[PDB]
Amino acid sequence: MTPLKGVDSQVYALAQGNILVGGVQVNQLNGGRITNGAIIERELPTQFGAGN
Amino acid sequence: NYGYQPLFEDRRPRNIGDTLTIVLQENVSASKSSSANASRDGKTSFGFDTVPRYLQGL
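Chains as they are written, first to last, in the entry's author numbering: chain e3, 123 to 145, 155 to 183; chain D3, 59 to 116.
This is the structure in structure tokens:
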């Protein structure tokens, strides 16, 4: 349950889940990826559909 | 607030409402001195207490 914020200090997502890391070229064991681990919370307004 | 805020910078005040801490630590000291002196002393003396007969005129 880590809050993901933008450059404006606003919480834009919530991330929680299980880390997946690779199991002589050793893999990086201090960095992992979570697929679909973050759920969005805020929506950015856009001008799409306006104007010509 | 929707403004941009950096992460790694030292959070210095940047706008009108920002607050800053001031440590006075003021210490000023100035001194001035001057002196002058002048001394003159003189003393002259002359006396016979015994005058030769030939010099008695002067």
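Think of the CB as a built atom: it goes at the ideal place given N, C-alpha and C, for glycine as much as any other residue.
(message) Short of 8 Å Cβ to Cβ, which residues in the region 83-107 of chain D3 face chain e3?
(response) none
(request) Taking C-beta pairs closer than 7 Å, name the residues in chain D3 that residue 143 (chain e3) reaches, listed in chain order. (result) Within chain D3, no residue comes near residue 143 (chain e3); the closest Cβ sits about 25 Å away, beyond 7 Å.
(request) Could you name the residues of chain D3 that residue 129 (chain e3) contacts, counting a contact when the two beta carbons are closer than 9 Å? (result) 62, 63, 64 and 65
(message) Excluding the 5 residues flanking residue 125 (chain e3) on each side, which residues of the same chain have their C-beta closer than 7 Å to its C-beta?
(response) 133 and 136
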